[PDB]
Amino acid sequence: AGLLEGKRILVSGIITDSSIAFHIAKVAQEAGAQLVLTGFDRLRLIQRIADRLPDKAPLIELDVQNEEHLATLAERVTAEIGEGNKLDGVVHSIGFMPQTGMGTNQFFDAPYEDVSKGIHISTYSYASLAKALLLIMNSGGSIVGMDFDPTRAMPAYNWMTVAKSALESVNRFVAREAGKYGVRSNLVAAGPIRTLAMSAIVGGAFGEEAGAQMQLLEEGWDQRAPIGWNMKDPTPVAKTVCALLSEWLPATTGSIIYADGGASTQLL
């Protein structure tokens, strides 16, 4: 009946029911989309979580650092959606920085191999997902990735912030490639969301000083946001992703849509 009626959309990045991708998928399905899901390592976990979505969607394995997974992805998706059908959307909702690159650990103490792995997964992979799927996307199509505003430095997020600055740069280059297919590429810069990992972090999993810093950042965020911000509700974020997946933002690419309560637009 709705926003994404008849669109075929791949959604990556579901790990638990609190993953922002889980909510992107739920809202996408409620809006009439047919999904193909992608998951990384804990596939039995992902299967039982994904089984709680509004409707069943095939689940495909994808480790973004695995060249063979990427090489086979388009065939695997085409098998899953039916030959002669293509994708109208791709959601990249994936990120990771080793523990040395976030929290307590001194900014200067992250080894490059840790940083490099974080940038592989968190940035480069946006270009490799695009490289793999563009050949099977329809004109009018939409690639969307998850971002957080890295224009300013901050405590705790450290090398993950750097990875996001790279990711934003990648998005602008992907947009040049995607545009040849009549496909758009954009990021959604969310406000902070209480995933399992972020709850653990605030709980002090990466040191308590880091937990305390993120707690302040979260409180300040809701204060700054002219419409407020609820870090326990990824729905407004999922809806924004769907807006980009729809045809109602046909002239936007290489860009960033801030789904953050308007916090980034206010000093205080």
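Note that residue numbering begins at 1 and tracks the sequence as displayed.
Visitor: Read off the CA B-factors in the entry, average them over 154 to 162 and over 97 to 105, and name the higher stretch.
Guide: Going by the record's values, the stretch with the higher mean is 97 to 105.
Visitor: Per the record, averaged over C-alpha atoms, which has the higher B-factor: 77 to 85 or 129 to 137?
Guide: Result: 77 to 85.
Visitor: Could you tell me which one of 110, 189, 143, 167 shows the highest CA temperature factor in the PDB record?
Guide: Comparing C-alpha B-factors across 110, 189, 143, 167, the maximum falls on 110.
Visitor: In terms of the chain's CA B-factor thirds, is residue 4 lowest, middle or highest?
Guide: For residue 4, the deposited C-alpha B-factor lands in the highest third.
Visitor: Going by the entry, which third of its chain does the Cα temperature factor of residue 71 land in?
Guide: Top third by C-alpha B-factor.
Visitor: If you rank every modelled residue in this chain by C-alpha B factor, which third holds residue 224: lowest, middle or highest?
Guide: Middle third.
Visitor: Check where residue 60 lands among this chain's C-alpha B-factors and tell me if it's the lowest, middle or highest third.
Guide: For residue 60, the deposited C-alpha B-factor lands in the highest third.
Visitor: Split into thirds by Cα B-factor across the chain's modelled residues, where does residue 238 land: lowest, middle or highest?
Guide: Lowest third.
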